[PDB]
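Please read the structure below before turning to the comments.
This is the structure in structure tokens:
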């Protein structure tokens, strides 16, 4: 080795300035810590190298210190952080670690293995890059140890340090726990460093760019044999270091991906001049698919990095306010060992970014302050549509001459929602910029098939466009595949449990998506109207293009390994159908592949909307019971994706305590009237019948004279739906009833049958608890419901479509997630209010005779109030149980009710304790909003 590589021609060198500034705090830390001088892991990433071309992780569930707020507080973790050989740290027990040397044993061992992993995986040497990575790792090791790591072990480590602190009070009795941890680290930095650098070439030296003229180098093997740690990064706040490491990954990856794109799109040799969408421009009038295959994930990757960058930039400013202005409390329960850089004028994110720009890999066409058009974020000049030049029709009589409505998403930038705009905003702008109206003169006897634009709303500056129908079709399909990926990819954020606060942005995005899906289904139908007269599409317009769909999209499925198993299921379903075509050139294969793609995208739109309902959006402040229900639903969704498969459990019916008065009249006779399919059939039947029963109960009470309150009927339908789901799940309150018992008897019978007969679930260890569940088959039934609950709701609203509508025209109520005891308390309170109102008016309508009526009134009201007192008492006890668990961190730190109330409590002001009374601390908590 002993070579000179990895560029780095210029200075500024943010790593080195931050590494240097830290020397003064290091010196301080060294002295005060001395005052107290007295006192396989890689298996998880064994096959992962450090330089894989992946973006940063901006996930709130993994990274601490990212406010659930919209558009800010980012601290996106680097690839390396995610792959640290820390399984041996996870296995640290409080019981086992007693001594300061026990901590060192575990840390030093981890450092030796981490060291080997980092150096062995690097195709480098001849540069400081390998030891730079070790220094970055060293600092994260210290952050983990010290409890300052943004990325249950932390609690164990704190417990261990508390035990050390408590066992050896002197001299540590003068210290906070944080000081004890910091000093332990400071005292042993050298041993940890030496362990980390054990695996190194002699030619490797840790290097600091103190200035463009002053160059400081460590001893042979990056200081392994040196009397000091050559690096001060551990002191550098993790947020700052992550921002710097992030820039190196961005710099490096962008350059690699960009070179791959350039080869894919343009080459003077052989006159290759490809467009963004996979077309050969200025060609003679196949190969350019490769341009599309690489531009698509490239643009997406840059968009994700753009967001990561911007969110971190905002966090920088927030950190500055916290420690630079330092007003009032200013988040005092933290130890950053002083911002310091305030006096080096790094109060402005832009000053910091200029410093950061000269990282290892951007140090030479990247400018991180260039937020203008065509900045580092903008996609290659090559990833654009060629404007009809590189280096311009007549109806066959009455032969299927039809005009199709076309929504053209266009090509501009990422963020499909904003791109669509108008379309997403409303139906009023369907005749807007993205609307195209095409008249396709398509014959099945002649090949003189052309499509013309009737109107241009985005093409108004262009000559009227006329194109061949087969190309038209190709374009339409090509865009559907591209748009599919972009919608699905961008909405991945919304699908995967977006905490509890970002409702308005996803609600708007999910609704646009579904409108878009319906629009595409209609476009598909309108295209098929030209061919369904025969159901034999001439080969020119049949497959040939849809066939080549696997030329792209499939070639990107493995790249976008974000959907994991779900994308594997899609690929398999489409693969089977396309394989049919490959084996047989013609056979209704095209239509089938498109139907598969639509069923997939429709399912996502349903899932998206259902996890972002209108009732879950915001109207200490009061948080609605519906917002917590949305939370539990998001959990159920995630659990199903991990446990089983929606495709495995979703059926198709075309193929197969004081009890509320509504429940007292619920139908269990649907059973008296593809095991999952047979079950779905029986359920949908019950759903429609009960909805019809309720309508009739209140049809007789629809005289529009004191009967104008639509809420009675809406609520009855929603409560019935929720109770039905609980029956299906098999988790209810109503026992000792033959109707209910027979229902549960058959329900446990069918699910056992489902487990044994149906595929996939036939043999999953995940589900091999049903025979020992309480109730039996609880797990499978809950997942079945999660998979089939929308179909059930749809049946009920269909039954009621010609009656009084119930809230929103779309989405499904979250009421099946709200625990039944809480649903019944709410219902009874409303029932009592109505019952009491009726007695009141009779009394007022009714001198001695009114006094007698008053006594009768009081008896009826009292009866209802006493029943209420009993249930409200139970509420209070379950609420207190939630406080009891919360005071110890929560459950494991009516129980589902308790679990529900626990999360509601915390959202409304309670705190996860190792008297914050709020709105839901009382049974009356639903009254004053």
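Numbering (PDB author numbering), first residue to last: 8 to 46, 91 to 202, 211 to 344, 354 to 407, 413 to 437, 446 to 472, 488, 495 to 721, 739 to 775, 839 to 855, 868 to 1040, 1057 to 1103, 1112 to 1132, 1154 to 1168. Ideal Cβ positions, reconstructed from N, Cα and C, are used throughout, including at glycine.
#1: Let me check one thing: in DSSP terms, what residues is residue 331 bridge-paired to?
#2: Pull up the DSSP beta-bridge partners for residue 1123, would you.
#3: If you count every other CB in all the chains shown that lies within 10 Å of the CB of residue 939, and 16 or more means buried, which is it?
#4: Output the distance between the C-alpha atoms of residue 147 and residue 930, rounded to the nearest integer angstrom.
#5: Report the rounded CA-to-CA distance for residue 967 versus residue 1008, giving the unit in angstroms.
#6: Could you tell me whether the Cβ atoms of residue 193 and residue 243 are closer together than 8 Å?
#7: Pull the bridge partners of residue 108 from the DSSP assignment, please.
#8: Starting from residue 540 and walking both ways along the beta strand (DSSP E), at which residues does that stretch end?
#9: Assuming contact is defined by CB atoms lying nearer than 8 Å, are residue 654 and residue 583 in contact in what I supplied?
#10: Ignoring anything shorter than 4 residues or poking outside the stretch 135-165, list the alpha helix (DSSP H) runs there in chain order.
#11: Can you pull the DSSP bridge partners for residue 555?
#12: What is the DSSP secondary structure of residue 194, reduced to helix, strand or coil?
#13: Any chance the stretch 1085-1098 sits against the stretch 1118-1130, with 3 or more Cβ pairs inside 8 Å?
#14: From the DSSP output, in three-state form, read off residue 756 for me.
#15: Between which residues of its own chain and residue 170 is the CB-CB distance below 7 Å, once the five residues before and five after are set aside?
#16: Give me whichever residues DSSP pairs with residue 268 in a beta bridge.
#17: To the nearest angstrom, how far is the alpha carbon of residue 1002 from that of residue 107?
#18: One question on the structure: do residue 255 and residue 162 come within less than 8 Å of each other, judged by their Cβ atoms?
#19: Over the uninterrupted beta strand (DSSP E) stretch that includes residue 504, give me the two end residues.
#20: Grab me the residues of residue 121's own chain with a C-beta within less than 7 Å of its C-beta, minus the 5 sequence neighbours each way, in chain order.
#21: Could you tell me how far apart the beta carbons of residue 542 and residue 577 are, in whole angstroms, since I believe they sit closer than 8 Å?
#22: For the alpha helix (DSSP H) that residue 870 lies in, which residues bound it at each end?
#23: In its own chain, which residues sit with a C-beta less than 6 Å from the C-beta of residue 1099, not counting the 5 before and 5 after it?
#24: Can you name the start and end residues of the alpha helix (DSSP H) that residue 914 belongs to?
#25: Exposed or buried, residue 1034, counting other C-beta atoms within 10 Å across all chains shown (16 or more means buried)?
#26: Residue 307: buried (16+ other C-beta within 10 angstroms of its C-beta) or exposed?
#27: With distances taken Cα to Cα, identify the nearest neighbour of residue 951 among 1037, 768, 847 and 899.
#28: Does the stretch 671-687 come close enough to the stretch 640-655 to have 3 or more Cβ pairs within less than 8 Å?
#29: Please name the residue in 1166, 1086, 904 and 117 whose C-alpha comes closest to that of residue 1015.
#30: Decide if residue 839 is buried, meaning its Cβ has at least 16 other Cβ atoms within 10 Å, or exposed.
#31: Report buried or exposed for residue 472, applying the criterion of at least 16 other Cβ atoms within 10 angstroms of its Cβ.
#32: With contact counted as at least three CB pairs below 8 Å, one residue from each stretch, are the stretch 974-986 and the stretch 757-771 in contact?
#33: Quick one, which of 119, 586, 885 and 841 has its alpha-carbon nearest residue 849's?
#34: For residue 508 versus residue 540, is the C-beta distance shorter than 8 Å?
#35: Tell me, which residues are paired with residue 569 by DSSP?
#36: Is the separation between the beta-carbon of residue 404 and that of residue 384 shorter than 8 Å?
So, from the listed chains and residues:
#1: Here residue 331 corresponds to residue number 272 of the chain shown, with the count starting at 1. Note: residue 331 sits in a beta bridge opposite 326.
#2: Start at 1 with the first residue of the chain shown, and residue 1123 comes out as number 905. Paired residues: none, contrary to the question.
#3: By 1-based counting over the chain shown, the position of residue 939 is 745. Burial call: exposed.
#4: The residue you call residue 147 lines up with position 96 of the chain shown. The residue you call residue 930 lines up with position 736 of the chain shown. Distance between the alpha carbons of residue 147 and residue 930 is about 52 Å.
#5: Reading the chain shown from its first residue, position 773 is the one you call residue 967. Reading the chain shown from its first residue, position 814 is the one you call residue 1008. Distance between the alpha carbons of residue 967 and residue 1008: 25 Å.
#6: Working through the chain shown from its first residue, we reach residue 193 at position 142. Working through the chain shown from its first residue, we reach residue 243 at position 184. No, the Cβ-Cβ distance between residue 193 and residue 243 is not below 8 Å.
#7: Here residue 108 refers to the residue found at position 57 of the chain shown. Partner(s): 128.
#8: Sequence index remark: in the chain shown, residue 540 carries index 438 (1-based). Per DSSP, residue 540 belongs to the beta strand (DSSP E) from 537-543.
#9: By one-based count along the chain shown, residue 654 stands at place 552. By one-based count along the chain shown, residue 583 stands at place 481. In this structure, residue 583 lies closer than 8 Å to residue 654 by Cβ.
#10: 138-141
#11: Here residue 555 refers to the residue found at position 453 of the chain shown. Its beta-bridge partners are 540.
#12: In the chain shown, residue 194 corresponds to position 143, counting from 1. Helix, per DSSP.
#13: yes
#14: Residue numbering aside, residue 756 sits at position 637 when the chain shown is read from its first letter. Residue 756 falls in the helix class under three-state DSSP.
#15: Residue 170 sits at position 119 when you count from the first residue of the chain shown. Excluding residues within five positions, the ones whose Cβ falls inside 7 Å are 181, 258 and 259.
#16: Translated into the one-based positions of the chain shown, residue 268 becomes position 209. Partner(s): 274.
#17: Along the chain shown, read from residue 1 onward, the residue named residue 1002 stands at position 808. Along the chain shown, read from residue 1 onward, the residue named residue 107 stands at position 56. Going from the Cα of residue 1002 to the Cα of residue 107 covers about 38 Å.
#18: For the purposes of this step, residue 255 is identified with residue 196 of the chain shown, where counting begins at 1. For the purposes of this step, residue 162 is identified with residue 111 of the chain shown, where counting begins at 1. In this structure, residue 162 lies closer than 8 Å to residue 255 by Cβ.
#19: Working through the chain shown from its first residue, we reach residue 504 at position 402. Segment 503-509, the beta strand (DSSP E) holding residue 504.
#20: As a first step, residue 121 is located in the chain shown; it is residue number 70 there, counting from the start. 604 and 607.
#21: On the chain shown, position 440 is the one that residue 542 refers to. On the chain shown, position 475 is the one that residue 577 refers to. Not quite, the Cβ-Cβ distance comes to about 12 Å (not below 8 Å), so this is no contact.
#22: Reading the chain shown from its first residue, position 676 is the one you call residue 870. From DSSP, the alpha helix (DSSP H) with residue 870 extends over 869-891.
#23: The residue you call residue 1099 lines up with position 889 of the chain shown. Taken in chain order, the residues that qualify are 1130.
#24: Here residue 914 is taken as the residue at index 720 of the chain shown, counted from 1. Unbroken alpha helix (DSSP H) run through residue 914: 905-923.
#25: To locate residue 1034, count along the chain shown from 1; it is residue 840. When all chains shown are included, residue 1034 counts as exposed.
#26: If you number the chain shown from 1, residue 307 lands on position 248. That one is buried.
#27: In the chain shown, residue 951 corresponds to position 757, counting from 1. Residue 951 has its Cα closest to that of 768, out of 1037, 768, 847 and 899.
#28: yes
#29: Translated into positions along the chain shown, residue 1015 becomes position 821. When each option's Cα is compared against that of residue 1015, the closest is 1086.
#30: Indexing the chain shown from 1 puts residue 839 at position 657. Per the 10 Å Cβ criterion, exposed.
#31: By 1-based counting over the chain shown, the position of residue 472 is 391. Per the 10 Å Cβ criterion, exposed.
#32: yes
#33: The count along the chain shown starts at 1 and reaches residue 849 at position 667. Comparing Cα-Cα distances from residue 849 to each of 119, 586, 885 and 841, the minimum goes to 885.
#34: Within the chain shown, the letter at position 406 stands for residue 508. Within the chain shown, the letter at position 438 stands for residue 540. Against a cut-off of 8 Å, the Cβ pair of residue 540 and residue 508 comes out as a contact.
#35: The residue you call residue 569 lines up with position 467 of the chain shown. Paired residues: 553.
#36: By 1-based counting over the chain shown, the position of residue 404 is 336. By 1-based counting over the chain shown, the position of residue 384 is 316. No, these two residues do not count as a Cβ contact at 8 Å.
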